[PDB]
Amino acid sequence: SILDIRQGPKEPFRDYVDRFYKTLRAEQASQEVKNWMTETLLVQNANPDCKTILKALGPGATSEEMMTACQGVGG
C-alpha cells in the first residue's frame, strides 16, 4: 500500500520520496487524493528527523518544498 511506504531512520529523504511517488503510480486513487497524500501522508510517514522539519513548514507545504528542506538531512 501507499499507507505503508515509510522512511527508514537513516534513509535519505530523496530516496523515500522517490519510493513514495513510485508506489503512487499504481495506487488506485483520484489525482486529488494522490496530491493530498503527497502533502499529508508523506509527512506522517517520514522519519523522526525529517518529520520535525516538515511539520515546521506548515500545512500547505508541497513535496517540492519538503525536498528542499529535508534532502540534506543525514548528509
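When you see a residue number, it is the position in the sequence shown, counting from 1.
Annotation for 14-22 versus 50-58: the higher mean temperature factor (C-alpha) is found in 50-58. In the PDB entry, a CA B factor belonging to the lowest third of its chain's modelled residues is recorded for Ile5. Annotation for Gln31: CA B-factor lies in the highest third of the chain's modelled residues.
Annotation for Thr40: C-alpha temperature factor in the highest third relative to the rest of the modelled chain, per the entry.
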